[PDB]
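Overview (structure and organization)
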Amino acid sequence: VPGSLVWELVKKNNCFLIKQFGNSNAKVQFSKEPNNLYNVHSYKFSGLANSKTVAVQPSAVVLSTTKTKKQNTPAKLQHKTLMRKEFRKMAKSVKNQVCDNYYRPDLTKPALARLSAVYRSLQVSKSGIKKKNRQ
Amino acid sequence: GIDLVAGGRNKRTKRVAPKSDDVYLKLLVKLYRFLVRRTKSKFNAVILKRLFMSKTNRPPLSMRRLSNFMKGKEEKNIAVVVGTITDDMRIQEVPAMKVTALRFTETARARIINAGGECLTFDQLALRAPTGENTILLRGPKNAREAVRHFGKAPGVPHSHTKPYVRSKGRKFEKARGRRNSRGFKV
Amino acid sequence: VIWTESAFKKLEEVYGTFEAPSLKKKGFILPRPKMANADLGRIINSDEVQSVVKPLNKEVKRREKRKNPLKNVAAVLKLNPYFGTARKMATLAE
Amino acid sequence: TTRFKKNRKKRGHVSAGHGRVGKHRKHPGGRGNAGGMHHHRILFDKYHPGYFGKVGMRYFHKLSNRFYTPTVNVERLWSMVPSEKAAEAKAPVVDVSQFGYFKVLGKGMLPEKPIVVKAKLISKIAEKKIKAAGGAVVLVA
Amino acid sequence: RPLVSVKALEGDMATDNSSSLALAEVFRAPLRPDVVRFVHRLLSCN
Amino acid sequence: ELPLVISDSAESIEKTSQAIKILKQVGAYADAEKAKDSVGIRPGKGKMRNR
Amino acid sequence: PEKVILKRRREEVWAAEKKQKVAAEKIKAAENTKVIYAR
Amino acid sequence: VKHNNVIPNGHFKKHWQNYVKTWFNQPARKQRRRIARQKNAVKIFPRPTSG
RNA sequence: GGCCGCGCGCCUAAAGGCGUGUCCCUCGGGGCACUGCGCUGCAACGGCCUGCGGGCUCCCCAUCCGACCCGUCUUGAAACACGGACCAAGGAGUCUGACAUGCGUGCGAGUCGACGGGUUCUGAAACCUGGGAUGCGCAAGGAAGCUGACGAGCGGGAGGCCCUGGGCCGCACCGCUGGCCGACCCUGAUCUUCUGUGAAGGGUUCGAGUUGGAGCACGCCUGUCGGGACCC
RNA sequence: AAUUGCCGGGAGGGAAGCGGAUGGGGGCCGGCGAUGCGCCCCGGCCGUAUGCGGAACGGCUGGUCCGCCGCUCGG
Ligand SMILES: [K+]
Ligand SMILES: [K+]
Ligand SMILES: [K+]
Ligand SMILES: [K+]
Ligand SMILES: [K+]
Ligand SMILES: [K+]
Ligand SMILES: [K+]
Ligand SMILES: [K+]
Ligand SMILES: [K+]
Ligand SMILES: [Mg+2]
Ligand SMILES: [Mg+2]
Ligand SMILES: [Mg+2]
Ligand SMILES: [Mg+2]
Ligand SMILES: [Mg+2]
Ligand SMILES: [Mg+2]
Ligand SMILES: [Mg+2]
Ligand SMILES: [Mg+2]
Ligand SMILES: [Mg+2]
Ligand SMILES: [Mg+2]
Ligand SMILES: [Mg+2]
Ligand SMILES: [Mg+2]
Ligand SMILES: [Mg+2]
Ligand SMILES: [Mg+2]
Ligand SMILES: [Mg+2]
Ligand SMILES: [Mg+2]
Ligand SMILES: [Mg+2]
Ligand SMILES: [Mg+2]
């Protein structure tokens, strides 16, 4: 079952999709799944309708990519790496496992953006926010 | 103020998508939307339009029609119908034909394959004939329906052979006073 | 769904296959998909499809900004390049 | 299903789609097929010619099973012959009564192969078509 | 037909060492949520 | 594996504790735990009915 | 990757044929600039 | 009557609503008939159940 | 009144701007020109930022302009035409049957498992099974007796193909002319159980016909009709 | 809720209410509105190569991570 077929089955309703404000122009949608970098309900970003996916979540930052020949076996579907180095070294590994490999090069900018937000979130976790970012 | 009808807007309606919700048909529509955008083929443009059509606008085609429309031109020619291929017991010889259709009956699929032919889907015809080269586009009989027999002029006007809507058939069901000269008139 | 082995092995006796007498359910065949290969990417990006397609086109046009063809000199130049020359012969007053 | 009915789209609109002048009344025009010769005559004449009057003779206690004669055309006879019997064929002999048929009619083309047909009844063209293919007919009861 | 492994609960008994059954043809059927939604509505009425 | 075929030994278990043990072995117990949680009163009038 | 290589070959091939179209267009545009001047 | 329809013939001019027969007891009739067949079978143990 | 996407890889000049060579034009000084790759969200300044400051879709009031009470029948309502003192809760196109067009789903010359039977450890679910003839279809016409489709062309046509506008093949649909079946009328070689048959040959006649198998089941909206039948 | 009392506020020359537009008065609000970002003395971590452990991508080469070493110096 290819990703295009899976997308049409899960597009309308989903255990991870959150919809709000009805079906007018007011509608706001998001996705809750991991391996969904921007948490957006779209084919490009969906963690359910794509064979190759990247997950950038904290724990230390865990990067996870899925194996294409292990779709039928969920227990071995995720190849996970845990990195505790400096940001640039982590940013280099994300570019290596996502861009240079040709494993979803279209996600290299969303993945680096999410790694920035996750690393920044961890930065303030150890030392509380001493300045607010309104400028 | 400018003198126009309905403001100049188009009042005719047409289908720009299939009314059905079949995901495999939605995937066919996406594929053929791409083909008519970037190949500019007249054949692909017709396929996309018929993929939107309703059930009564895509009549079934039988084997008898197919084996006669594809008579000598069954080598290097794929028959294309946007609809269903049904079987026909009234014929005995079935040549080897390449046929693509939305659906085959299990008797028609068996008849084609046993004769040496192939049954293709429209996603397979796109690989073989991306621009529809060396193909025969076919349609079933649009007006071979019992409903169409009641269409047209009213049954009670001269020169009309429209079917009436009668609950039963017999001598006591609409055969007197309007159907023969011995009772009034005969329209 | 968690299948015990006996249930899974029976799954072919029940529901059979595309062959006519191949199951318990009388007068039933497995349904056939309308699309033999639902991989849209592998059909759009096939050799046969990509060898009949025209060059890609991503030049977004827009309504050209107005440029006053009566007073804006650069505008009245691109339209009627004989403008300017007509003025000079006009200013050639004896 | 109530959610898709057009009355739900007419809530707030006074007349419910029936007009302010020619309202919705009980039975303007009568009940059922009333006035089919007086004020519904044009409708009855236009869409149901033949409706009034009496033609033909009566049949008291007309039993349907007396007139039971299922029919089959020649163009369908060879579908009753199995594949291995056609390969062996001499001509296959088909008793159409074992398939639920009484009379054999002659619409369509027979293949140019002999066939023997057993039936209670048959038309003249069906017999001519069967003989032209090299076959024969046996009348049974 | 690809083979489906059979998970063993007796991880120390292991009467055999290989067991894999061909994938049932019913698992390659088309997926039709439009007809599942239709047939589920009418069966729940019963 | 999602087709998740299990050996015919599970056909012989007869205890609920045995069933819980089988689910844990096949990795299918977090699904049963979620169902065990989330059990609650139905809001609305169906409460007052027999649901 | 042969999938990558095919795409790279054709984006250059089209781009070269795009250069020819504009290079041919400069000559046309210049010539018509003075044809309409004369008229 | 207003369009090209069949001539209507509805046999609903009497008090037909006092003579409506529903079938909500159909699955109960099936069980009652099944139960009597098993009782009759035990009443004649070796005799064939088909009469 | 609304808008904010030329300039530098030569030099000098706050900066606007100037500064090269070539051919032609005369009457003093210009004109048309060299065209090679790249990057490419206009500015300057001020007051104010926890205050008696700014804003406001909220409340009240003032002023100017505009503004007749809604619903309803009606050609025409603000009407000296009816209903309405106010508020809360309740209050009117529904259910069923038969058809029909459209649409959606399955199967397809078939389709329907609807009444029954088997089974069913959650079950008035579900699942299986009975049709070689149950219902609609697959064949008409005729009051009936009774007969029952011997297999088409033409014009226009989407699309496909070949040659470099032309040619070939042409689906659906429209139009025209036929053939065949049946009612009525005509016709008659020959065989035959003597009253049947049918080689040929037809018709300003009639059919809800054929020369296209498309239907069956279910679901929904709409429309007509029987029912209290939109409500009183 | 209709409707009523009291307290406080506002308006009123034979109705009032209503639409648009401002103003006066009131009641609100601080995501109502900023205080960070690049260069430098103080705090504090490691390439290159290695042994080892797991698990990847493409269709046999090459990849990342972690913990440990032993050279290294830029962060
Ligand atoms: K209406
Ligand atoms: K009952
Ligand atoms: K009135
Ligand atoms: K009044
Ligand atoms: K109608
Ligand atoms: K039947
Ligand atoms: K007659
Ligand atoms: K009604
Ligand atoms: K007061
Ligand atoms: Mg206007
Ligand atoms: Mg208008
Ligand atoms: Mg007349
Ligand atoms: Mg009214
Ligand atoms: Mg009326
Ligand atoms: Mg009137
Ligand atoms: Mg509640
Ligand atoms: Mg009565
Ligand atoms: Mg009046
Ligand atoms: Mg009024
Ligand atoms: Mg008055
Ligand atoms: Mg009155
Ligand atoms: Mg009053
Ligand atoms: Mg109410
Ligand atoms: Mg005749
Ligand atoms: Mg006769
Ligand atoms: Mg009433
Ligand atoms: Mg109050």
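The deposited coordinates derive from cryo-EM, with the record listing a resolution of 2.84 Å.

1. Describing the overall build of chain H
Within chain H, the secondary structure is distributed over one helix and zero strands. Taken over the C-alpha trace, chain H has a radius of gyration of 23 Å; the compact-globule value for 51 residues is 10 Å, which it surpasses by more than 25%. Along the longest, intermediate and shortest principal axes, the C-alpha atoms of chain H span 70 × 25 × 15 Å. Classification of the 51 residues of chain H by burial places 2% in the buried group. Surface summary for chain H: the accessible area is close to 5600 Å², and the carbon and sulfur share equals 56%.

2. With respect to the interface of chain F and chain C
Contact residues are listed per partner, giving 11 residues for chain F and eight residues for chain C. Both sides of the chain F and chain C interface together cover about 720 Å² of buried area, and 61% of this is carbon and sulfur. The largest per-residue losses of area from chain F upon contact with chain C belong to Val5, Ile6 and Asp8 of chain F, which jointly make up 51% of the total buried on that side. The interface formed by chain F and chain C includes one salt bridge. The closest approach of N and O atoms between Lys9 of chain C and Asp8 of chain F, which form a salt bridge, is 3.9 Å. Seen at the junction of chain F and chain C, the total is six residue pairs in polar contact.

3. Quick look at the sheet that holds strand β5 (residues 121-122) of chain D
Whenever strands of a sheet pair, they do so through backbone hydrogen bonds, lying parallel or antiparallel. Residue and element names in this part refer to chain D. Spatially, three strands are ordered β1-β3-β5 in an open sheet, and the strand pairing comes out parallel. Edge positions in the open sheet fall to β1 (71-73) and β5, since each of these has one partner strand only. By the bridge criterion, two bridges tie strand β3 (residues 103-105) to β5 in an arrangement that is parallel. From the neighbouring strand, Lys103 faces β5, where its bridge partner is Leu121.

4. Some words on helix α1 (residues 3-10) of chain A
Along α1 of chain A, the residues classified as buried are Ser4, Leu5, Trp7, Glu8 and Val10 of chain A. Contact partners of the buried residues in α1 of chain A: α1 (23-38) of chain B together with α2 (40-44) of chain C.

5. Some words on the pairing of strand β1 (residues 3-7) of chain E
All names here are of chain E. The alternating pattern of β1 places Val4 and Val6 on a buried face, while none of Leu3, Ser5 and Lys7, on the opposite face, is buried. Note that β1 and strand β2 (residues 20-22) share three bridges and pair antiparallel. Note that in β2 the partner of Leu3 across the bridge is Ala22.

6. A look at the interface of chain B and chain C
You'll often see interface size given as the accessible area lost when the parts meet. On the chain C side, the residues contacting the 22 residues of chain B number 20 residues. Residue assignment for the side of chain B that touches chain C shows that the elements contributing at least two residues are α1, α4 (106-114) and α5 (122-128) of chain B. The biggest single contributor to the side of chain B that touches chain C is α1 of chain B, with nine residues. Split by residue class, the side of chain B that touches chain C holds 11 nonpolar, four polar and seven charged.

7. Regarding the nonpolar core
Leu31, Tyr32, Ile47, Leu51, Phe122 and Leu125 of chain B together with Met35 of chain C are the most contacted members of the largest nonpolar core, which totals 32 residues. Residue contributions to this core peak at 10 residues, all from α1 of chain B. Contacts of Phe122 of chain B, omitting those with residues within four sequence positions, involve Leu28, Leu31, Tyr32, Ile47, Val80, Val81, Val82, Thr100, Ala101 and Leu102 of chain B.

8. Examining the protein's contact with RNA strand I
Around RNA strand I, 123 residues are found, and the nearest of them are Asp87 and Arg103 of chain B, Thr1 of chain D together with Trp16 and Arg37 of chain H. Of all RNA strand I atoms lying within 4 Å of any protein atom, the proportion belonging to sugar or phosphate reaches 69%. Side-chain polar atom of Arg76 of chain D to a base nitrogen of RNA strand I: 2.7 Å apart, as the coordinates give it. The contact in question runs from a sugar or linking oxygen of RNA strand I to an N or O atom on the side chain of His3 of chain H, over 3.5 Å. By residue class, the composition of the surface near RNA strand I is 35 nonpolar, 38 polar and 50 charged.

9. Re the protein's contact with RNA strand J
All names here are of chain A. Lining the immediate surroundings of RNA strand J are 15 residues, of which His79, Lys85, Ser93, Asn96 and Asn101 lie closest. Among all atoms of RNA strand J positioned within 4 Å of the protein, those belonging to sugar or phosphate total 78%. Contacts to RNA strand J include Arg134, whose side-chain N or O atom sits 3.2 Å from a phosphate oxygen. Listing elements by their share of the surface near RNA strand J, those giving two or more residues are β5 (78-83) and α2 (87-100). Taken together, the residues that form the surface near RNA strand J break down as two nonpolar, seven polar and six charged.

10. Here we look at a positive patch on the surface
Judged by side-chain charge, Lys21, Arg29, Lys30, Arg32, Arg33, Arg34 and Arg37 of chain H come together as a positively charged surface patch. Looking at the secondary structure, you find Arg29 of chain H in helix α1 (residues 26-43).

11. So, the arrangement of the chains
For the 16 pairs of chains in contact, the maximum contact count is reached by chains B and C. You won't find any contact between chain D and chain G; their C-alpha atoms come no closer than 50 Å. Here chain C and chain H are not in contact; the least distance found between their C-alpha atoms is 23 Å.

12. What about the sheet that holds strand β1 (residues 3-4) of chain C?
What the four strands build is an open sheet, ordered β1(C)-β1(F)-β1(E)-β2(E); its pairing is mixed. Among the strands making up the open sheet, the edge pair consists of β1 of chain C together with β2 of chain E.

13. Focus on a nonpolar patch on the surface
Together, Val35, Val36, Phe38, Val39, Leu42 and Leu43 of chain E make up an exposed nonpolar region whose accessible area comes to about 510 Å². Structurally, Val39 of chain E can be placed in helix α1 (residues 33-44).

14. Overview of α1 of chain B
Residue and element names in this part refer to chain B. Here α1 contains 16 residues, and its C-alpha end-to-end distance of 23 Å stays within 8% of the 22 Å for a straight helix at 1.5 Å per residue. The backbone nitrogen of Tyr24 has a side-chain oxygen 2.9 Å away, supplied by the residue at the start of α1, namely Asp22. Where α1 ends, the next residue or the one after it, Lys40, has phi of about 60°, a positive value.

15. Quick look at the pattern of salt bridges
One pass over the full model with this rule turns up 18 salt bridges over all chains. Its salt-bridge partner being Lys163 of chain B, residue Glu146 of chain B comes within 3.7 Å of it at the nearest N-O pair. Separated by 17 residues along the polypeptide, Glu146 of chain B in helix α6 (residues 146-149) and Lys163 of chain B in the loop between α6 and β7 (179-180) bring together distant segments of the chain. A residue is classified by how much of its surface remains accessible, and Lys163 of chain B, at 33% relative accessible area, is partly exposed. For the salt bridge of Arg1 of chain E with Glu25 of chain E, the shortest nitrogen-to-oxygen distance reads 3.4 Å. Taken together, the residues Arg1 of chain E in the segment before β1 and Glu25 of chain E in the loop between β2 and α1 connect sequence positions 24 residues apart. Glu25 of chain E gets classed as partly exposed once you look at its relative accessible area, which sits at 28%. If you follow the salt bridges from partner to partner, you end up with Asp22 of chain B, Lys34 of chain C together with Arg32 and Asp34 of chain E in one network.

The rules behind each value
- Residues numbered from 1 in each chain as written, not as in the entry; some residues may be left out.
- Chains lettered and ligands numbered in written order.
- Part of a larger assembly, values for the part shown.
- Heavy atoms only, no water.
- Residues with missing side-chain atoms left out of burial classes, pairs and counts.
- Helix = DSSP H or I, 4+ residues; strand = E, 2+ residues; numbered from the N terminus.
- Rg over C-alpha atoms; globule rule 2.2 N^0.38 Å.
- Buried < 20%, exposed > 50% of the residue type's maximum accessible area, 1.4 Å probe, protein only.
- Areas by Shrake-Rupley, 256 points an atom, 1.4 Å probe, with all protein chains shown as cover.
- Contact = heavy atoms within 4.5 Å.
- Buried area = accessible area lost by both parts, 1.4 Å probe.
- Salt bridge = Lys/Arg side-chain N within 4 Å of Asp/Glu carboxyl O.
- Polar contact = N/O pair within 3.5 Å; in protein donor to acceptor, adjacent residues only side chain to side chain.
- Pairing = 2+ DSSP bridges.
- Nonpolar A, V, L, I, M, F, W, Y, C, P; charged D, E, K, R; others polar.
- Core = buried A, V, L, I, M, F, W, Y, C linked by side-chain atoms within 4.5 Å.
- Near = heavy atom within 4 Å.
- Patch = residues over 30% accessible without salt bridge, like charges linked within 9 Å, V, L, I, M, F, W, Y side chains within 5 Å.
- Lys, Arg positive; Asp, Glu negative; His and termini not counted.
- Charge placed at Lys NZ, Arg CZ, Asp CG, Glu CD.
- Expected span 1.5 Å × (residues − 1).

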